[PDB]
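Chemist: Next comes input_13.txt, compact mmCIF, C-alpha atoms:
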# COMPACT_ATOMS: atom_id res chain seq x y z
CA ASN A 24 0.77 -21.33 -70.26
CA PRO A 25 -0.87 -17.93 -70.27
CA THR A 26 -3.87 -16.60 -72.09
CA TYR A 27 -2.98 -13.39 -73.92
CA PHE A 28 -6.02 -11.11 -73.53
CA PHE A 29 -5.86 -8.22 -76.00
CA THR A 30 -8.69 -5.75 -75.43
CA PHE A 31 -10.02 -2.86 -77.49
CA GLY A 32 -12.67 -0.34 -76.55
CA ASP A 33 -13.50 2.99 -74.92
CA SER A 34 -13.53 4.44 -71.41
CA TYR A 35 -15.62 1.55 -70.13
CA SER A 36 -12.48 -0.51 -70.73
CA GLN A 37 -9.53 1.91 -70.56
CA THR A 38 -6.83 1.38 -67.98
CA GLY A 39 -4.11 3.60 -69.44
CA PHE A 40 -1.91 0.70 -70.50
CA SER A 41 1.00 1.90 -72.62
CA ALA A 42 2.72 -0.31 -75.13
CA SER A 43 6.03 1.18 -73.88
CA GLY A 44 5.16 0.73 -70.22
CA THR A 45 5.91 -2.35 -68.17
CA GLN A 46 4.66 -5.35 -70.11
CA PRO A 47 2.40 -8.11 -68.76
CA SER A 48 4.02 -11.02 -66.97
CA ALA A 49 3.01 -13.72 -64.52
CA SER A 50 4.03 -11.50 -61.61
CA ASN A 51 2.29 -8.47 -63.15
CA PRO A 52 -0.57 -9.56 -65.42
CA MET A 53 -1.78 -6.04 -66.23
CA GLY A 54 1.66 -4.78 -67.25
CA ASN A 55 0.86 -1.16 -66.50
CA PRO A 56 -0.45 0.77 -64.75
CA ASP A 57 -1.05 -1.03 -61.45
CA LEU A 58 -4.31 -2.93 -61.20
CA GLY A 59 -6.98 -0.46 -60.09
CA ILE A 60 -5.40 2.59 -61.72
CA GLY A 61 -6.41 4.35 -64.94
CA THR A 62 -10.08 3.41 -65.10
CA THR A 63 -13.45 5.13 -64.92
CA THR A 64 -14.51 3.06 -61.90
CA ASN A 65 -12.43 4.17 -58.87
CA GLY A 66 -10.70 0.79 -58.97
CA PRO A 67 -10.35 -2.22 -61.22
CA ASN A 68 -12.61 -2.40 -64.20
CA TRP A 69 -14.08 -5.47 -65.87
CA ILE A 70 -10.76 -6.24 -67.58
CA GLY A 71 -8.80 -6.00 -64.35
CA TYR A 72 -11.32 -8.24 -62.63
CA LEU A 73 -11.36 -10.76 -65.49
CA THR A 74 -7.57 -10.85 -65.56
CA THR A 75 -6.78 -11.02 -61.86
CA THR A 76 -9.93 -11.99 -59.94
CA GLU A 77 -12.09 -14.17 -62.20
CA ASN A 78 -9.24 -15.89 -64.02
CA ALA A 79 -8.98 -19.69 -63.83
CA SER A 80 -5.37 -19.66 -65.05
CA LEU A 81 -2.78 -17.04 -65.95
CA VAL A 82 -4.24 -14.22 -68.05
CA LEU A 83 -1.98 -11.46 -69.38
CA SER A 84 -3.81 -8.23 -70.20
CA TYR A 85 -2.75 -5.96 -73.08
CA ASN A 86 -5.44 -3.33 -72.87
CA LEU A 87 -5.50 -1.02 -75.83
CA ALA A 88 -8.85 0.63 -75.04
CA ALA A 89 -8.82 4.42 -75.12
CA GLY A 90 -11.13 7.01 -73.64
CA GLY A 91 -13.96 8.26 -75.79
CA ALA A 92 -13.20 5.90 -78.64
CA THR A 93 -15.53 5.36 -81.55
CA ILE A 94 -15.06 2.59 -84.13
CA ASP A 95 -13.53 4.68 -86.93
CA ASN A 96 -13.18 8.43 -87.18
CA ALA A 97 -14.18 8.17 -90.86
CA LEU A 98 -17.67 7.17 -89.68
CA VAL A 99 -18.54 8.63 -86.26
CA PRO A 100 -15.50 10.66 -85.13
CA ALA A 101 -14.45 11.59 -81.63
CA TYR A 102 -10.89 11.11 -80.41
CA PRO A 103 -7.70 10.10 -82.23
CA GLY A 104 -7.56 6.74 -80.43
CA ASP A 105 -10.52 5.22 -82.23
CA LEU A 106 -10.91 1.46 -82.48
CA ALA A 107 -9.17 1.52 -85.85
CA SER A 108 -6.12 3.14 -84.22
CA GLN A 109 -6.18 0.57 -81.43
CA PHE A 110 -6.04 -2.19 -84.00
CA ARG A 111 -3.15 -0.36 -85.68
CA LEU A 112 -1.29 -0.23 -82.36
CA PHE A 113 -1.91 -3.98 -82.05
CA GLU A 114 -0.63 -4.53 -85.61
CA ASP A 115 2.46 -2.41 -84.89
CA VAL A 116 3.48 -4.01 -81.59
CA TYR A 117 1.84 -7.38 -80.92
CA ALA A 118 0.37 -8.85 -84.12
CA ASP A 119 3.67 -10.46 -85.17
CA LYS A 120 3.89 -12.43 -81.91
CA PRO A 121 7.02 -10.86 -80.42
CA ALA A 122 8.97 -12.58 -77.71
CA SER A 123 7.24 -10.27 -75.17
CA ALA A 124 3.81 -11.55 -76.25
CA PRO A 125 4.36 -14.88 -78.07
CA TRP A 126 0.72 -15.63 -78.62
CA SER A 127 -0.94 -18.28 -80.74
CA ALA A 128 -4.40 -19.13 -81.97
CA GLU A 129 -4.93 -21.44 -78.99
CA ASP A 130 -4.04 -18.92 -76.22
CA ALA A 131 -5.00 -15.44 -77.47
CA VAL A 132 -8.37 -13.87 -76.72
CA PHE A 133 -9.37 -10.63 -78.44
CA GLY A 134 -12.00 -8.68 -76.53
CA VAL A 135 -13.84 -5.72 -78.05
CA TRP A 136 -16.26 -3.40 -76.27
CA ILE A 137 -17.15 -0.56 -78.60
CA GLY A 138 -20.21 1.35 -79.74
CA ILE A 139 -21.15 3.42 -76.69
CA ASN A 140 -19.69 6.55 -78.24
CA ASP A 141 -20.69 5.84 -81.84
CA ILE A 142 -24.29 5.58 -80.69
CA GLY A 143 -23.91 8.40 -78.18
CA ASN A 144 -22.78 10.76 -80.94
CA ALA A 145 -24.91 9.56 -83.87
CA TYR A 146 -28.23 8.35 -82.42
CA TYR A 147 -30.16 11.50 -83.45
CA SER A 148 -28.39 12.34 -86.69
CA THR A 149 -28.30 9.01 -88.48
CA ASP A 150 -30.72 6.30 -89.54
CA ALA A 151 -30.01 3.29 -87.32
CA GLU A 152 -31.27 0.70 -89.82
CA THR A 153 -28.92 1.84 -92.59
CA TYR A 154 -26.08 3.47 -90.61
CA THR A 155 -25.40 0.88 -87.94
CA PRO A 156 -24.53 -1.77 -90.58
CA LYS A 157 -21.74 0.56 -91.69
CA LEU A 158 -20.36 0.75 -88.16
CA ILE A 159 -20.67 -3.00 -87.69
CA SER A 160 -19.07 -3.71 -91.06
CA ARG A 161 -16.07 -1.55 -90.10
CA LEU A 162 -15.80 -3.41 -86.81
CA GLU A 163 -15.88 -6.68 -88.73
CA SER A 164 -13.07 -5.55 -91.03
CA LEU A 165 -10.93 -4.66 -88.02
CA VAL A 166 -11.64 -8.10 -86.56
CA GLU A 167 -10.54 -9.59 -89.87
CA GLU A 168 -7.13 -7.97 -89.45
CA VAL A 169 -6.61 -9.92 -86.22
CA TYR A 170 -8.00 -13.04 -87.90
CA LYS A 171 -5.37 -12.64 -90.64
CA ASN A 172 -2.70 -12.40 -87.91
CA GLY A 173 -3.90 -15.78 -86.62
CA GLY A 174 -6.39 -14.78 -83.93
CA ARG A 175 -9.21 -17.25 -83.43
CA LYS A 176 -10.79 -16.50 -80.02
CA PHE A 177 -13.00 -13.41 -79.79
CA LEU A 178 -15.11 -11.80 -77.09
CA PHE A 179 -17.58 -9.06 -78.05
CA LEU A 180 -19.57 -7.11 -75.50
CA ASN A 181 -22.74 -5.48 -76.70
CA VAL A 182 -23.52 -1.90 -75.78
CA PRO A 183 -24.98 -1.45 -72.28
CA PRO A 184 -27.95 0.86 -71.54
CA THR A 185 -26.06 4.13 -71.45
CA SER A 186 -29.48 5.56 -72.38
CA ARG A 187 -30.16 5.29 -68.63
CA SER A 188 -26.95 6.85 -67.44
CA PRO A 189 -27.51 10.13 -65.61
CA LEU A 190 -25.97 11.98 -68.59
CA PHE A 191 -28.76 10.77 -70.82
CA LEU A 192 -31.57 10.72 -68.24
CA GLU A 193 -31.02 14.46 -67.81
CA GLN A 194 -31.78 15.03 -71.49
CA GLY A 195 -35.36 13.87 -71.14
CA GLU A 196 -37.23 10.60 -71.49
CA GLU A 197 -37.81 11.04 -75.23
CA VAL A 198 -34.03 11.35 -75.75
CA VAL A 199 -33.44 8.32 -73.56
CA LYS A 200 -35.97 6.56 -75.81
CA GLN A 201 -34.45 7.78 -79.10
CA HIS A 202 -31.00 6.71 -77.96
CA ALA A 203 -32.23 3.37 -76.60
CA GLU A 204 -34.06 2.49 -79.83
CA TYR A 205 -30.99 3.28 -81.91
CA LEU A 206 -28.81 1.29 -79.54
CA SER A 207 -31.11 -1.72 -79.85
CA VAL A 208 -30.62 -1.77 -83.61
CA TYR A 209 -26.85 -1.50 -83.21
CA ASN A 210 -26.80 -4.41 -80.76
CA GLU A 211 -28.97 -6.57 -83.05
CA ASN A 212 -26.62 -5.93 -85.93
CA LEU A 213 -23.60 -6.64 -83.73
CA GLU A 214 -25.11 -10.00 -82.81
CA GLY A 215 -25.80 -10.79 -86.45
CA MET A 216 -22.22 -9.95 -87.37
CA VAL A 217 -20.71 -12.09 -84.63
CA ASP A 218 -22.98 -14.97 -85.63
CA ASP A 219 -22.15 -14.60 -89.33
CA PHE A 220 -18.41 -14.28 -88.65
CA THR A 221 -18.42 -17.35 -86.44
CA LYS A 222 -20.28 -19.43 -88.99
CA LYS A 223 -18.34 -18.24 -92.01
CA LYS A 224 -14.88 -18.78 -90.47
CA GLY A 225 -15.80 -22.11 -88.88
CA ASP A 226 -12.57 -22.17 -86.86
CA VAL A 227 -13.24 -19.42 -84.31
CA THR A 228 -14.44 -19.52 -80.74
CA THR A 229 -16.61 -16.50 -80.03
CA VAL A 230 -18.63 -15.09 -77.15
CA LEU A 231 -21.15 -12.29 -77.48
CA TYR A 232 -21.63 -11.03 -73.93
CA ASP A 233 -25.00 -9.33 -73.42
CA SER A 234 -23.91 -6.53 -71.12
CA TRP A 235 -27.11 -4.73 -72.06
CA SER A 236 -29.37 -7.26 -70.39
CA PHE A 237 -27.09 -7.61 -67.37
CA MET A 238 -26.85 -3.90 -66.62
CA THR A 239 -30.56 -3.52 -67.36
CA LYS A 240 -31.38 -6.12 -64.67
CA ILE A 241 -29.39 -4.08 -62.16
CA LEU A 242 -30.92 -0.76 -63.25
CA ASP A 243 -34.39 -2.30 -62.96
CA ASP A 244 -33.81 -3.72 -59.45
CA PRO A 245 -30.80 -1.92 -57.98
CA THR A 246 -31.38 -2.90 -54.34
CA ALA A 247 -31.13 -6.57 -55.20
CA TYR A 248 -27.50 -5.83 -56.08
CA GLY A 249 -26.91 -3.62 -53.03
CA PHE A 250 -27.28 -0.28 -54.77
CA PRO A 251 -29.77 2.17 -53.25
CA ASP A 252 -31.13 3.31 -56.61
CA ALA A 253 -30.32 3.28 -60.30
CA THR A 254 -29.44 6.98 -60.71
CA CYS A 255 -27.11 8.08 -57.95
CA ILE A 256 -23.49 8.98 -58.68
CA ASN A 257 -20.65 8.31 -56.27
CA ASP A 258 -17.00 8.46 -57.24
CA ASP A 259 -16.20 5.84 -54.61
CA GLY A 260 -17.31 3.42 -57.34
CA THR A 261 -19.31 1.26 -54.90
CA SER A 262 -22.10 3.28 -53.30
CA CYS A 263 -23.91 3.85 -56.57
CA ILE A 264 -24.06 2.15 -59.94
CA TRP A 265 -22.52 5.29 -61.45
CA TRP A 266 -18.99 6.50 -60.79
CA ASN A 267 -19.69 9.63 -62.81
CA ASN A 268 -22.64 10.64 -64.97
CA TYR A 269 -21.75 8.27 -67.84
CA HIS A 270 -19.59 5.49 -66.38
CA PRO A 271 -20.40 2.75 -63.86
CA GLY A 272 -18.23 2.08 -60.85
CA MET A 273 -15.96 -0.73 -59.77
CA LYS A 274 -18.77 -2.55 -57.95
CA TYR A 275 -20.79 -2.70 -61.17
CA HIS A 276 -17.70 -3.80 -63.11
CA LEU A 277 -17.02 -6.59 -60.61
CA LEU A 278 -20.62 -7.77 -60.83
CA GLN A 279 -20.32 -7.77 -64.61
CA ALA A 280 -17.01 -9.64 -64.57
CA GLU A 281 -18.53 -12.23 -62.23
CA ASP A 282 -21.50 -12.57 -64.57
CA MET A 283 -19.13 -12.96 -67.56
CA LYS A 284 -16.84 -15.61 -65.98
CA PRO A 285 -18.98 -18.70 -66.74
CA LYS A 286 -19.68 -17.38 -70.25
CA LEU A 287 -15.93 -17.06 -70.88
CA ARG A 288 -14.89 -20.58 -69.89
CA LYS A 289 -14.84 -21.56 -73.58
CA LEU A 290 -12.21 -18.82 -74.27
CA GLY A 291 -9.55 -20.48 -72.06
CA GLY A 292 -8.79 -18.17 -69.18
CA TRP A 293 -11.91 -18.48 -67.01
Let's see the structure in the file written out as structure tokens.
Modeler:
Amino acid sequence: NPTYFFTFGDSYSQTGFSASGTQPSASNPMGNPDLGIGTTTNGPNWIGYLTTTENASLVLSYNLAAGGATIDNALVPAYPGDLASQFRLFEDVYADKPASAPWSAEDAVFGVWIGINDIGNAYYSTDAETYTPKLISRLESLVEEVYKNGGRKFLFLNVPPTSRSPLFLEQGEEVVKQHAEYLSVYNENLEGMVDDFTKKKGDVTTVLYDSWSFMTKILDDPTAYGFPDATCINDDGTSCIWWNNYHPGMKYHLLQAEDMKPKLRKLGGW
């Protein structure tokens, strides 16, 4: 009795899963590639840890996240594999509940972690108060496609403080500030959307995971988590928070997955 965990997002979630690669099974819950490959962490990422380390029962991971993704290239563009295209891949391959992924409302969890790149690319060129509702409304419409397919369990991660990644720190404190203030408005609107969607549907189980506050706690007191500082980069994924200048390592992702586990119990796999 597996939980089918369909995920959507950017490089903080990518594993390089192909819909034509080996598909998830009890003996191989990630499908492809092997657990620990394909990420920006030097090892498993939060999805690999949620699926294989923090799981309370069998979780099968279908991870459609793609590097650099924004929500929709008609709003903030970046790479072809935007969130809209990830939802289209889902609609093409998995939405109709094929024998390979025979999911139902009671055992499918749809996890979305998006917005890092929309904010990263639009924080100085757009008005957060009036532009972020457009991004959030497009996200909501994509979620509605899965709802129409019969999805009822949803996990949304808010945007973490990429303002304090080395890539942004290097641009100066006033840019860190401009980005952080825009990001705060995005995250508030995301929370409002998840709340409104949950109330209006009435038949959904949702979790909004506050990655922003969790990562911020670590950045503010890195030695309490065994990191020497909040700025160093180490591609071993464990010696520093940062695996490269814009992406945290496997140790951070494990800490996040462990923080998320109790919050995900209501979704069925944790």
Chemist: Give me, as a JSON list (two decimals) with C-alpha atoms, in the frame of the given file, all polymer residues having an atom no more than 9 Å from residue 178 of chain A, counting all atoms listed in the file and skipping those fewer than 2 positions away in the same chain.
Modeler:
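Here's the written file around39.json:
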[["chain", "number", "residue", "atom", "x", "y", "z"],
["A", 30, "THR", "CA", -8.69, -5.75, -75.43],
["A", 132, "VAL", "CA", -8.37, -13.87, -76.72],
["A", 133, "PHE", "CA", -9.37, -10.63, -78.44],
["A", 134, "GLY", "CA", -12.00, -8.68, -76.53],
["A", 135, "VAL", "CA", -13.84, -5.72, -78.05],
["A", 136, "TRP", "CA", -16.26, -3.40, -76.27],
["A", 176, "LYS", "CA", -10.79, -16.50, -80.02],
["A", 180, "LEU", "CA", -19.57, -7.11, -75.50],
["A", 228, "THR", "CA", -14.44, -19.52, -80.74],
["A", 229, "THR", "CA", -16.61, -16.50, -80.03],
["A", 230, "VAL", "CA", -18.63, -15.09, -77.15],
["A", 231, "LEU", "CA", -21.15, -12.29, -77.48],
["A", 232, "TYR", "CA", -21.63, -11.03, -73.93],
["A", 287, "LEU", "CA", -15.93, -17.06, -70.88],
["A", 290, "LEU", "CA", -12.21, -18.82, -74.27]]
Chemist: Counting only C-alpha atoms, figure out which residue out of A:97, A:206, A:166, A:216 gets nearest to residue 111 of chain A.
Modeler: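 Closest candidate: A:166.
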Chemist: Using only C-alpha atoms, which residues sit within 12 Å of segment 244-248 of chain A once same-chain residues fewer than 2 positions away are excluded, as an MDAnalysis selection string?
Modeler: chainID A and resid 237:242 250:255 261:265 274:275 277:279
Chemist: Give me the residues near residue 226 of chain A as a PDB file with C-alpha atoms, in the frame of the given file, where near means some atom within 9 Å (using only C-alpha atoms) and where sequence neighbours in that chain fewer than 4 positions away do not count.
Modeler:
ATOM      1  CA  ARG A 175      -9.210 -17.250 -83.430  1.00  0.00           C
ATOM      2  CA  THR A 221     -18.420 -17.350 -86.440  1.00  0.00           C
ATOM      3  CA  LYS A 222     -20.280 -19.430 -88.990  1.00  0.00           C
TER       4      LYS A 222
END
Chemist: Residues proximal to (-16.2, 3.8, -77.6) were defined as those with any atom within 7 Å of that point in the file's coordinates, counting only C-alpha atoms. Which are they, as an MDAnalysis selection string?
Modeler: chainID A and resid 32:34 91:94 137:141
Chemist: Could you work out how far atom CA of residue 38 of chain A lies from atom CA of residue 58 of chain A, giving the answer in Å with one decimal?
Modeler: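 Pair atom CA of residue 58 of chain A / atom CA of residue 38 of chain A returns 8.4 Å.
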Chemist: Compare A:154, A:146, A:102, A:179 by their minimum atom-to-atom distance to residue 205 of chain A, counting only C-alpha atoms, and give me the closest one.
Modeler: A:146
Chemist: In terms of the shortest atom-to-atom distance over only C-alpha atoms, which of A:293, A:63, A:124, A:171 is closest to residue 81 of chain A?
Modeler: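 With only C-alpha atoms as the atom set, the closest residue is A:293.
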Chemist: Let me make sure I understand: among A:82, A:110, A:40, A:95, which one has the smallest atom-to-atom distance to residue 59 of chain A if we use all atoms listed in the file?
Modeler: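 Result for the nearest residue to residue 59 of chain A: A:40.
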Chemist: Please report the interatomic distance between atom CA of residue 88 of chain A and atom CA of residue 152 of chain A in Å with one decimal.
Modeler: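 Taking atom CA of residue 88 of chain A as the start and atom CA of residue 152 of chain A as the end point, the length is 26.9 Å.
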Chemist: Could you tell me which of A:249, A:184, A:103, A:71 comes closest to residue 281 of chain A if we count all atoms listed in the file?
Modeler: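 Comparing A:249, A:184, A:103, A:71 against residue 281 of chain A, the winner is A:71.
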Chemist: Pick the closest to residue 125 of chain A from A:271, A:57, A:173, A:98: which is it, counting all atoms listed in the file?
Modeler: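 Checking each candidate against residue 125 of chain A, we get A:173 as the closest.
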Chemist: In Å, how far is it from atom CA of residue 185 of chain A to atom CA of residue 213 of chain A?
Modeler: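 For atom CA of residue 185 of chain A relative to atom CA of residue 213 of chain A, the distance reads 16.5 Å.
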Chemist: Counting only C-alpha atoms, find the residues whose atoms lie at most 10 Å from (-28.6, 8.9, -64.6) (file coordinates) and write them out as a PyMOL selection string.
Modeler: chain A and resi 185-194+253-256+264-265+267-270
